[PDB]
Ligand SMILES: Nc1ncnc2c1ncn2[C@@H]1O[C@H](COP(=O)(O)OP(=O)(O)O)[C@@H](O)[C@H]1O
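One chain comes next, on its own, written out as structure tokens in the form solved without the named molecule.
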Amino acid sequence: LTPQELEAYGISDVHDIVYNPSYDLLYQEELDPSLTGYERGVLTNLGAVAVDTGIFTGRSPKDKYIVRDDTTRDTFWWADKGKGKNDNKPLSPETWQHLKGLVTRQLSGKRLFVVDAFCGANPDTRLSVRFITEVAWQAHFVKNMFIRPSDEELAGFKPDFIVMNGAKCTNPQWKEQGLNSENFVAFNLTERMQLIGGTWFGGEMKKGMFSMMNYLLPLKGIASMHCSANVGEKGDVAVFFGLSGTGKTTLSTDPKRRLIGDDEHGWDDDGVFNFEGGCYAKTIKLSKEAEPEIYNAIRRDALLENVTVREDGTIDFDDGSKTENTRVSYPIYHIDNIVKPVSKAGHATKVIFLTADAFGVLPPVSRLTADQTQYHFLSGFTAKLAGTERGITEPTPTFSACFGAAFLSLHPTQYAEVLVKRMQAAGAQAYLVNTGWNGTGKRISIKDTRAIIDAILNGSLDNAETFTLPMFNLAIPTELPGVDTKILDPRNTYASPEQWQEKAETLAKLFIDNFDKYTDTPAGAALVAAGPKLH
């Protein structure tokens, strides 16, 4: 790649270009002792480099902006146009040029790392993305998280999107421009470019492209899903929707299943496919005994983010002092139990919605009807966990449409429409699984949740006998192998069962009020009957 080729993007005076850096090169660069500040890396006992990101320990949804122009005006789900809140705040073309100037100036006159990669496992729908950074570890992050092209694919590489990471710069004019802060994560779908200013959080470099796939794929009838995905020995695929920290990484690395992916998937005529080339796993409280596949992926070429490293070089995975949202990224082949040669398989037969219910009202597991599936997908009731977005310090209940509202570029109903079409063609059954808390105020045990997933995936619940929870009208299995029957009814863990009724009424009303905005069509109005009902 030529300096002039990067001059097309507005960068000037490019010194040297480190194109498609190898893992060996990134390792040496990351340990260079001349690095300062948030560029510095340290080597841990496990052989993986660890970095820190300052206060930027989670995403910055309040600094997310999309240029409103002829490409996006009539197609985007805008933060200032709908009944439903979202983070897609409109940006003017003039202000975009100002932000782009800040970033290109910052990346000018410097040695730059350039990573070309794919978002999307399938050539017919993938984005070719060119990432530009001045920091080796940020280049390493995107080499891990996106799909690494072959040499032949590189020779003919034509980028569809450019991502420029200018974490080291900020926008001093932000107040007068009506922006939220001196930081920015900005998208222009006409120039096909993402800018990062101020924030060093690794996730910003992957969830931008997820948002772009969430724009392009549902318009072509392909579902675009915030879920993990795995497959059984017989080719049966399951997808697990949820926010990070609510169980989708942990439940998807099941030893009885083979991993398709961690976080971002599409569903087309052939099946369920991963967008990513790696996994960005939460490491708080990680242990070798509890998560052996993930723990073993932490070795050279993994990249640890905000973990506490002792003076002797060992990692204290239990220490959330910099943040609870500690992370590691690794290329997906650091897990042996994965689908190869491409991260994809056939249609999903099981759809699992993970809800971290902080009210302790919902059952550990419920088998949803078809209408309840749409109702609960649009609702997206769960919790934001500490650190996942800046400013979140404790589990925060939320209605996150499609279990991923922060990444939606289209209206929630457009994701629901495609998901339902694909589920119906497959005969897929959906389940609502509470990975949050119960009446004891304690978190539901991962041992119980894994046993529940086992029972879902082997088909044993599809026709099992059930009872119905009042108010929510959720069908609960009467018994489940490997789990204390008494915990299946969320009422039993209450010292006084009337307290369940009270909290359930409260949560039922939150659901009804949240769902009202989806009832402006006959189809949406008809789903109210599948939601919770007050007496």
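One rule holds for the numbers: they count along the sequence shown, beginning at 1.
Keep in mind that the form solved in complex with the named molecule is not shown, yet the notes after this line are about it.
- None of 191, 236, 417, 291 but one reaches within 4.5 angstroms of the named molecule in the bound PDB entry through a heavy atom, and that residue is 291.
- Interface residue among 245, 198, 266, 218 relative to the named molecule in the bound PDB entry, by the heavy atom within 4.5 Å criterion: 245.
- Site residues 249, 435 and 445 are all in contact with the named molecule in the bound PDB entry, judged by any heavy atom within 4.5 Å.
- Stretch 435 to 443 is the contacting one of 456 to 464, 435 to 443, 69 to 77, 131 to 139, since its residues have non-hydrogen atoms within 4.5 Å of the named molecule in the bound PDB entry.
- When the named molecule is considered in the bound PDB entry, residue 170 lies well away from it, no heavy atom lying within 4.5 Å.
- The closest non-hydrogen atom of residue 125 lies beyond 4.5 Å of the named molecule in the bound PDB entry.
- Remark: residue 98 does not count among the residues lining the named molecule in the bound PDB entry, judged by a heavy atom distance of 4.5 Å or less.
- Mapping the unseen interface onto this chain, residue 282 counts among the residues with a heavy atom inside 4.5 Å of the named molecule in the bound PDB entry.
- Residues of 447 to 480 that come within 4.5 Å of the named molecule in the bound PDB entry, judged by any heavy atom, reduce to 449 alone.
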